[PDB]
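Read through the structure below, which is laid out as structure tokens, and then see the notes.
Below, read A as the first sequence line, B as the second, and so on, with proteins coming before strands; counting in each chain starts at 1. FYI, side chains are in, hydrogens and waters are out, and symmetry mates aren't considered; it's all heavy atoms of this structure. One-based numbering, in listed order, for ligands and for the atoms of each.
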Amino acid sequence: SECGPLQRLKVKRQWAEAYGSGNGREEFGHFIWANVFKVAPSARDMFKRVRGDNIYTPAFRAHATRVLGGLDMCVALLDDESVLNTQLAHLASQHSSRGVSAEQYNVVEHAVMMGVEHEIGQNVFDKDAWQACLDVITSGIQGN
Amino acid sequence: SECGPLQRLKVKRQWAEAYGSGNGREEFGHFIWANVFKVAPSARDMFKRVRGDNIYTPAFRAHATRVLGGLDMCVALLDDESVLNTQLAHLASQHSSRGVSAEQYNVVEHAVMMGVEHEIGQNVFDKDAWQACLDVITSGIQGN
Amino acid sequence: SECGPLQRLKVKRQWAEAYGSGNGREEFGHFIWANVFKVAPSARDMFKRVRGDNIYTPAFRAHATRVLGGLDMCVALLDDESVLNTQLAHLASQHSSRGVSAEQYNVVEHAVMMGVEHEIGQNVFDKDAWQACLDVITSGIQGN
Amino acid sequence: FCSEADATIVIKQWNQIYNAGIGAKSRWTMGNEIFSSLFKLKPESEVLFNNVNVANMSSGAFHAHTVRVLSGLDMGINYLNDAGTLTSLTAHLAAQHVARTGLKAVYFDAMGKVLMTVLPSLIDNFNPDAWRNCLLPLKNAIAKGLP
Amino acid sequence: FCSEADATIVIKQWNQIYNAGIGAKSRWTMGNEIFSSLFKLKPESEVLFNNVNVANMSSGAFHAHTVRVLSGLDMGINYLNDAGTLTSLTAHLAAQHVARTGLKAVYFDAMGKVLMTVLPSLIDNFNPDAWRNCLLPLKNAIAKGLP
Amino acid sequence: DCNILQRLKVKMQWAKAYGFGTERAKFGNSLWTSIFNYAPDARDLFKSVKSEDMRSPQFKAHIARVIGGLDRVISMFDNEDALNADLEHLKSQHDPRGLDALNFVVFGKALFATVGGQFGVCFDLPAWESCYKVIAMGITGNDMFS
Amino acid sequence: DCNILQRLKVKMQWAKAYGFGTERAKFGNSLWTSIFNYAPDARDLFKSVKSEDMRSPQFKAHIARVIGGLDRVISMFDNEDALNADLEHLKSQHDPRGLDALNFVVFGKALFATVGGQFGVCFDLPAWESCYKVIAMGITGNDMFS
Amino acid sequence: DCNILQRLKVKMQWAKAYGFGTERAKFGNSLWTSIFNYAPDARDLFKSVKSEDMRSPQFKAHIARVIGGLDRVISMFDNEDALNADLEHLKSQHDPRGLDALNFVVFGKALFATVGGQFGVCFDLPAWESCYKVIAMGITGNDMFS
Amino acid sequence: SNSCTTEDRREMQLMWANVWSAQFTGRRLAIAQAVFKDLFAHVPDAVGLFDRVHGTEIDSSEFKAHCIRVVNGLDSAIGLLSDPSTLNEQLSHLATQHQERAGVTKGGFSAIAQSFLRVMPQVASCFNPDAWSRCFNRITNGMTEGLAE
Amino acid sequence: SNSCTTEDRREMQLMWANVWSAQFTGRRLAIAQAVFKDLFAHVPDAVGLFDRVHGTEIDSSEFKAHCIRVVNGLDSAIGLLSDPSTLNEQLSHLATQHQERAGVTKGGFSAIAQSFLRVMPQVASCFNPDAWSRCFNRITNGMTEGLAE
Ligand code: HEM
Ligand code: HEM
Ligand code: HEM
Ligand code: HEM
Ligand code: HEM
Ligand code: HEM
Ligand code: HEM
Ligand code: HEM
Ligand code: HEM
Ligand code: HEM
Ligand SMILES: *[C@@H]1O[C@H](CO[C@@H]2O[C@@H](C)[C@@H](O)[C@@H](O)[C@@H]2O)[C@@H](O)[C@H](O)[C@H]1NC(C)=O
Ligand SMILES: *[C@@H]1O[C@H](CO[C@@H]2O[C@@H](C)[C@@H](O)[C@@H](O)[C@@H]2O)[C@@H](O)[C@H](O)[C@H]1NC(C)=O
Ligand SMILES: [Ca+2]
Ligand SMILES: [Ca+2]
Ligand SMILES: [Ca+2]
């Protein structure tokens, strides 16, 4: 599937519902990263500075806050190709010296998809649109 | 445990509650097949024609509709040995040229059991009756 | 993290909420042991006498009742070092001839933690306090 | 036109992707996808939009055209429960199209298939029967009198 | 002092770990952790509690002291929405501390940091801003007039 | 005036006061009840849409087209190219009718009273005055909206 | 202009939007919140009534005095002698403060949004515009309000 | 008397009748309304906390300290060491005031009426009589509470 | 309009649920056999279309299992009237199952539509023939897409 | 007291949500660019602090992406006002991001605080400047812990 103009609009609205205003964001981020470290417990080591051992701490919750904010910036820019590439390159530099594998980007990809679906319901979740447009995002964070 | 006359009656009533009238059937079928492909992702390939890659598509939802209808016919026939064997043989021919392993029939078996329990509650779920009577069903779909 | 006087108080109150008065105890115990046997299906064999094959039976539900009662006695004694060691030694003798590995005690440890969190919510669950004080409990049941 | 329960489904699904609190960029993004698809089913119809600079679908003139087309579609949808007013609204839209030379009723059939194709990609739980029950009377009322 | 919504949060989180249905053992367990921490930030202040046998923090005299300190703190918290009564309550607590020789206002600053450190280890979803907004006016009103 | 912040403000308050479904028609009826009350002479200009009976399907259709035009123009407030192109399109439609520009002043007053009366006390009247001038200037070209 | 019929309309719509009891305080707070949001620099003109904190007793007392002046001026709209005597009295209190008359234009905009937002869709904005001019002319003497 | 079972019983019923928040102050006011009604002469003993007006912040502060003292003493019922130490502390505070011990009898009666009136019919009066004697004995040392 | 509306969809699922037996085939079998008896007595050459499932022996286990499959397929379609996206996919699968069979045309579906219109009021309470047929025809329209007249 | 109360926290999230666009940067970009335009027109030497993100070219893609990051950071902090424990951690991370940059002081935050106080009423309905600044200052107090005056 392709992340076309229609899929970008659908992903935008579905993200806004799942991400919400701010009340469910702590639960939203917790659901995502509990899935990440369950599927890949070995990834916890890269999060030593933000208490990856304990995702219930305020230190990691702020990290999950920043990660979701990064996704929100990308999703809000899916209809703005020029500015989206600039912000994706900024995320790339934030992960450059961390050795994040392409396997892990897909793990977080799947957790984000399970989290949005868990937030808005399998009844409306558009898996093809979400998979194609998160590929565009993660592929930009890995340089290419 | 044995799928006797009493266990067939209990499975009938518990299936009717989980399967319902039609409103929760989409969620019921989704819960089952999300469990199937999670426990055995390799089984997705046999479902190429019905979009096994994306169980959110209308194409796969109709396939899950047919699978649940097949279970409903079998469960409704558990008290009618003669007619049940006829319908089980019809299901057997529908899977004859597909190479379905005995391991997979048990995977779907477990997903159906987790789905019914998730629908009616662990507080009332009769695991012995469900396991013994689904064995009778799957064993008939495999010829023997 | 250390199971200090403050962590013992927090674990006490959080356990009392999750364990409750008696209405949700059947669901509480089921959630725990469904996690145990899923992470370690090989552990079912040690529970032959109490129907470890079928955790829905009244026989296993009474076993889960006794296990939770044992945890309740330990948690209620976390502020009483002398009496806690006596009861922990009683639990040790109840598991002496059963060959329970240190890996399994941590599996049940994690299930209990997931069950309490599932009961009181990730929003308030204190993972460090629960991990440190359950270590004190399990380490006493293993002799040392 | 269509029933109140069907119209209720169409109106709620439409406001989901189109309302007053939606920036015009996504408005003409949907418009461009709709008309680009119409020109792939009936390439003969692209010549009819020369007055609004269809040669450049990124221009202000053509963005404004798709905006007012989608606004007319929104106006028809939001009056599905006012059959008397919808009749007058669609009669006015028909006169605005019958006067245009080169328009065939088959072009509105192709537009219907474009809408039935694009909207499920945008709308959650798109109901094609409720939409057919309401859009098809709209389509015929706008194409009433077209060759 | 502090707002009604802030006071409501402080009062509910406080009753969570301290109320009438709580045995005194956990009462002085919290008291011992609080004062032990105070003596690690300001070791000079431990001498001021010699009259209540601070040399043995397991004694009945010192357990009773921490009990009445936490009871006074509980009294201030439960009157956060009665600003007139809280003023008189804190003025009485101030006189009970100004008369004690060797007490500096900095000691109450250290007690504030001890409470901000210990309470999150005991309270679910500890709100440090709501607690700062209410405890700091309490702390200053009790330390009003201290050197 | 009508800077980018006021344009967003106007889009915000418009979407709220405009609503969905049949409330949209009630807003439009209120707008046009005010126009004809502010200037009863303007009613005779709309005999082509049966202004003699504001409940008729003919005038209800006119109401819907007008408030739909406001909606699409307000929605394009943030894109000058599309906005001016649509305002020119509306100008080419209103020019042949030889309308006194003083009625576009009356339209604005009625629009402010209807939007603000529906939106509540947080209605930003200076922003609506400035941004309605942009709309009326595009439709009439008259520099009284300068 | 503000003829006698427009004065009756304004008195009627004011009395409805103004209300009883604590509704007046809420009405006054919205009016002055809108003034300071329309023109944040005008806030520094009210340091004499502690405009730094709008919920302070000093500024709430000023709010009460202003909407009390509006209420008494509007009530006297139908007696020229008493009305002009009070406008002259209000003029003598504001003149030595060297106020830029443009702020009285901003005040009018906030008054219209507040009364209109409270009264609803049938708010007569042209009537309030013309009659507020009479008030602002009486207070400032500036022919900008002529 | 006042065995360990009665001490737990008293702690139970106290926590229920004492409540949380502002109900705590209503309980305390009721307790002291009963004391002064049972013995009007006792009111003059509390002029240092402005008993002349039981609604004053001075007497409300006294009420809070007293019922807070009951709470902490009842909470220590199960630890003799801390209990007696705090009762001695309360004794050293009440001794210099030369109080007639008959008022501590009045205090108990009012406490039973207030707790039982708030707790309901399951109030254990024998347990409260026995365990209040332990409290009054610690504060006064008078063997009339033997 | 003769369209199957959302209102008619609710009414059909009500007419269907008040007759459907969720646990025992006794009621499903009775309705199905009665429909085909009505179909065969009105279209005599239709019995030869079901030679494989013993159409002439309505009480055989082979035709009992076929009747259960037909009613199961109609039950799935009636339920999927609430989700027309999935319904359109299911009606296509049913269409190809009735394709490549000479004798299965659009005329036989109009006949079985009459069969249901005569069987259903005998077993269903509060039966609405208007609302029933509008959505029954909607269902058969998808089942007879690539069939002869 | 001038403290950011729970009441003020609710009001700020209301003032913010009624202006925030959850799907398109058009409203976020407009507010941010308008804030920095106000900041640069009041603090001329501040533009040199953003040489890396093309501060002089407010309409560049580089400064558009920076503006989106600033508003995203403020949006996360306003939401975290409901969870001050996590907020304190996020405000520390923002502090070190503004540390080790000569020219970034507590005076620039007092200036951008004025910038927001002038931009927000133009775009926000029912704007409360008192409640807004009390919690905005609470947010900046954590962002300027280890900064110069
Ligand atoms: C796929 C979308 C992702 C997004 C939107 C994202 C976003 C972010 C953001 C905004 C930060 C903050 C950086 C800073 O403030 O210095 C961050 C940090 C980090 N991210 Fe990601 N990230 C993504 C994927 C991943 C993955 C897949 C991994 C590893 C498996 C990862 C590992 C890290 C690490 C180790 C940090 C450092 C945090 C610290 O120690 O302070 N990221 N990420
Ligand atoms: C255990 C109870 C099962 C039931 C009641 C059931 C039922 C059905 C039904 C009714 C169909 C429709 C066939 C048709 O209309 O042509 C079907 C198709 C199919 N089934 Fe099953 N099935 C079961 C088990 C399984 C398992 C365990 C697998 C594989 C792991 C499987 C794989 C398939 C495949 C590949 C198709 C073909 C679908 C297509 O491509 O159109 N089935 N099944
Ligand atoms: C970690 C905390 C644990 C607690 C509080 C606990 C508690 C108990 C209690 C109270 C009994 C009842 C003994 C009796 O009445 O005779 C019991 C039995 C038993 N426990 Fe545990 N246990 C714990 C861990 C484990 C683990 C990790 C395992 C194995 C992986 C285990 C395996 C068993 C077995 C096999 C029995 C025998 C039950 C029977 O056959 O009657 N226990 N446990
Ligand atoms: C739901 C479907 C449609 C709707 C709601 C619709 C509505 C509209 C509206 C509101 C206008 C502008 C009227 C004005 O000038 O005020 C317009 C213009 C026009 N439409 Fe349609 N329309 C639809 C489908 C079609 C189709 C299928 C065609 C095929 C050729 C078509 C051809 C045109 C043309 C040529 C114009 C004039 C462009 C110009 O101004 O140069 N429309 N339509
Ligand atoms: C929230 C903080 C505090 C509260 C609520 C509090 C309250 C109290 C109370 C109720 C008493 C007993 C009064 C009585 O005799 O009836 C007391 C005693 C005392 N407090 Fe405080 N206090 C606090 C902090 C501090 C701090 C920081 C110091 C530092 C030195 C301090 C020093 C003392 C001393 C020396 C005594 C007397 C001990 C004795 O009786 O020998 N307090 N306090
Ligand atoms: C912002 C202000 C206005 C907007 C957005 C607007 C918009 C519209 C629209 C969309 C139409 C329908 C064109 C068509 O579909 O053929 C229309 C028609 C018309 N407008 Fe306006 N209009 C505005 C103000 C006015 C005013 C102030 C007057 C006169 C005082 C006026 C007089 C007319 C007339 C006479 C028609 C044609 C009625 C008919 O179709 O018979 N408009 N306008
Ligand atoms: C438009 C209708 C207005 C009315 C009816 C009105 C009414 C009043 C009244 C009754 C007072 C109290 C005078 C006293 O008792 O000393 C007052 C004071 C004042 N007014 Fe106005 N006012 C209006 C507009 C304005 C405007 C637009 C401004 C400035 C932007 C303004 C500036 C002031 C000032 C500075 C004071 C002095 C406050 C003090 O320190 O006592 N007024 N006004
Ligand atoms: C169980 C019974 C009682 C308890 C627990 C109790 C407790 C207290 C407490 C905590 C204080 C505050 C001491 C301080 O902070 O300085 C106090 C003060 C006082 N009590 Fe009692 N009390 C009791 C009975 C009585 C009775 C029966 C009387 C007299 C009839 C009495 C007379 C006083 C007086 C005069 C004061 C001082 C008032 C002042 O501060 O000016 N108490 N009591
Ligand atoms: C609402 C009306 C109908 C429904 C829901 C329906 C449904 C079904 C279903 C589910 C099957 C099973 C196919 C399989 O398991 O592979 C089937 C088979 C069949 N149907 Fe229908 N059907 C309908 C009407 C008709 C009519 C009117 C005819 C002929 C005039 C017809 C002819 C057949 C034939 C020949 C078969 C295959 C027989 C066999 O497999 O031995 N159907 N139908
Ligand atoms: C509420 C106020 C502010 C917020 C929420 C905020 C937030 C942010 C954020 C999220 C970043 C991105 C850092 C990164 O991605 O690594 C950033 C960068 C930066 N900020 Fe702020 N900021 C604020 C005020 C200020 C002020 C007042 C100044 C200077 C006077 C300033 C100077 C900078 C600089 C120099 C950078 C780095 C530029 C670059 O990376 O090219 N910030 N800020
Ligand atoms: C197509 O139009 C694009 C959009 O630019 C806008 O519209 C054009 C018509 C001009 O008015 C321009 O000033 C506007 O900014 C252009 O960017 C693009 O270059 C155009 N393409 C071609 C091939 O001309
Ligand atoms: C410290 O105090 C501990 C607590 O015992 C109780 O308090 C003391 C003061 C005595 O009154 C005793 O009778 C009480 O049971 C003692 O257990 C401990 O030995 C004391 N420590 C030292 C070093 O004296
Ligand atoms: Ca990927
Ligand atoms: Ca099996
Ligand atoms: Ca362990």
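- Heavy atoms from both the backbone and the side chain of A/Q104 come within less than 4.0 Å of ligand 1.
- The minimum distance between the Ca ion (ligand 13) and any N, O or S atom of A/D135 involves atom OD1.
- Under a 3.5 Å cut-off, the side chain of A/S93 and the backbone N or O of A/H90 do form a donor-acceptor pair.
- Residue contact check: A/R66 has heavy atoms under 4.0 Å from atoms 10 (C) of ligand 1.
- Ranking protein heavy atoms by distance to atom 27 (C) of ligand 1, first place goes to A/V108 CG2, 3.5 Å.
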**Message:** Using ring pair (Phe, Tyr, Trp, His ring centres under 6.0 Å), reason through F/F59 and F/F36 one step at a time and then give a plain yes or no.
**Reply:** CA-CA 13 Å; F/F59 194 73; F/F36 295 159; 5.7 Å; yes
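- A donor-acceptor pair under 3.5 Å links the side-chain atoms of D/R100 to the main chain of D/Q96, judged by distance alone.
- Between A/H95 and ligand 1, a contact under 3.5 Å exists for at least one N or O pair.
- Annotation: atom 26 (C) of ligand 6 to nearest protein heavy atom, F/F104 CZ, 3.8 Å.
- Contact annotation: for F/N103 versus ligand 6, heavy atoms closer than 4.0 Å belong to both the backbone and the side chain.
- Residues J/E89 and J/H93 have side chains that never bring a donor and an acceptor to within less than 3.5 angstrom of each other.
- Between the side chains of A/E119 and A/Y19, no donor N or O sits under 3.5 Å from an acceptor N or O.
- Each of the following atoms of ligand 6 lies closer than 4.0 Å to a heavy atom of F/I135: 1 (C).
- Formation of a donor-acceptor pair under 3.5 Å by the F/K60 side chain with backbone atoms of D/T85 is not found in this model.
- Looking only at heavy atoms of the protein, atom 4 (C) of ligand 6 is closest to F/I139 CD1, 4.0 Å.
- Interface of A/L91 with ligand 1, defined as ligand atoms under 4.0 Å from a residue heavy atom, comprises 7 (C), 10 (C).
- Judged by distance alone, the side chain of F/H94 and the main-chain N or O of F/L90 form a donor-acceptor pair under 3.5 Å.
- The heavy-atom pair separating D/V98 from D/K144 by the smallest distance is CG2-O, 3.9 Å.
- Residues A/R25 and A/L68 approach most closely at O-CD1, 4.0 Å, considering heavy atoms.
- Between J/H93 and ligand 1, an N or O atom pair is found at a separation short of 3.5 Å.
- Using a 3.5 Å distance cut-off with no hydrogens or angles, the side chains of J/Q90 and A/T65 do not pair a donor with an acceptor.
- For A/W15 and J/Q23, the side-chain atoms include no donor-acceptor pair closer than 3.5 Å.
- If you check each of A/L71, A/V100, A/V50 against atom 29 (C) of ligand 1, the one with the closest non-hydrogen atom is A/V100.
- Atoms of ligand 1 found under 4.0 Å from any heavy atom of A/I141, numbered from 1 in the order shown, are 2 (C).
- The Ca ion (ligand 13) does not have A/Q131 among its coordinating residues (no N/O/S atom, backbone or side chain, under 3.0 Å).
- Across the listed options F/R72, F/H94, F/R97, D/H92, F/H94 owns the non-hydrogen atom lying nearest to atom 8 (C) of ligand 6.
- Shown are F/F119, F/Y18, F/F27; of these, the side-chain contact (heavy atoms from CB on, under 4.5 Å) with F/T114 is made only by F/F27.
- The heavy atom nearest to atom 18 (C) of ligand 6, out of those in F/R65, F/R43, F/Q93, F/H62, is found in F/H62.
- Here is the list of ligand 6 atoms found below 4.0 Å of a heavy atom in F/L99: 28 (C), 29 (C), 31 (C), 32 (C).
- F/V73 does not count as a contact of ligand 6, since none of its heavy atoms falls under 4.0 Å from the ligand.
- The backbone N or O of A/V11 sits nowhere less than 3.5 Å from a side-chain atom of A/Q14 that would complete a donor-acceptor pair.
- The proximity of A/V107 to ligand 1, defined as any non-hydrogen pair under 4.0 Å, does not occur for either the backbone or the side chain.
- Those atoms of ligand 6 with a heavy atom of D/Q96 less than 4.0 angstrom away are 14 (C), 15 (O), 16 (O).
- Near F/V49, with a cut-off below 4.0 Å to any heavy atom, the atoms of ligand 6 are 38 (C), 39 (C), 40 (O), 41 (O).
- A donor-acceptor pair under 3.5 Å links the side-chain atoms of A/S139 to the main chain of A/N144, judged by distance alone.
- Polar contact check, A/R49 against ligand 1: a nitrogen or oxygen pair lies under 3.5 Å apart.
- For the 3.5 Å distance criterion, the side chains of D/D74 and D/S71 fail to qualify, holding no donor opposite an acceptor.
- Near A/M46, with a cut-off below 4.0 Å to any heavy atom, the atoms of ligand 1 are 29 (C), 30 (C), 35 (C).
- Looking only at protein heavy atoms, the nearest one to atom 33 (C) of ligand 6 is F/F46 CE2, 3.5 Å.
- Close approach to J/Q97 involves these atoms of ligand 1, each under 4.0 Å from a residue heavy atom: 15 (O).
- Among F/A64, D/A95, F/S48, F/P96, the residue whose heavy atom sits closest to atom 41 (O) of ligand 6 is F/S48.
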